[PDB]
Amino acid sequence: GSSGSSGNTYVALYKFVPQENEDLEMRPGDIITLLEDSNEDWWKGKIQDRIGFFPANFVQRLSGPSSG
């Protein structure tokens, strides 16, 4: 990301099954790059070799390594 602004990463909790191209496929344990967060119910991101829309209730914003 050239001169990125919002570097928010999300880790897919469960596997998603896209019915149409528009939808994006993800697996439990992958890293998705949140690109568009205008919506609230569903968010858009970018995967290694995959791309598209996906539900937020499936992923969990990655805050970071919790520690004292």
# chains A, B, ... in the order shown; residues from 1 in each chain; ligands from 1
call {"tool": "select_by_dssp", "arguments": {"residues": "range 5-36 of chain A", "states": "strand (DSSP E)", "output": "VMD selection string"}}
result
chain A and resid 9 to 12 31 to 36
call {"tool": "residues_around", "arguments": {"residues": "residue 36 in chain A", "least_positions_apart": "2", "cutoff": "10 Å", "atoms": "only C-alpha atoms", "output": "ChimeraX atom specification"}}
result
/A:6,33-34,38-39,42-46,53
call {"tool": "residues_around", "arguments": {"residues": "residue 17 in chain A", "least_positions_apart": "3", "cutoff": "10 Å", "atoms": "only C-alpha atoms", "output": "PyMOL selection string"}}
result
chain A and resi 14+20+23-27+54
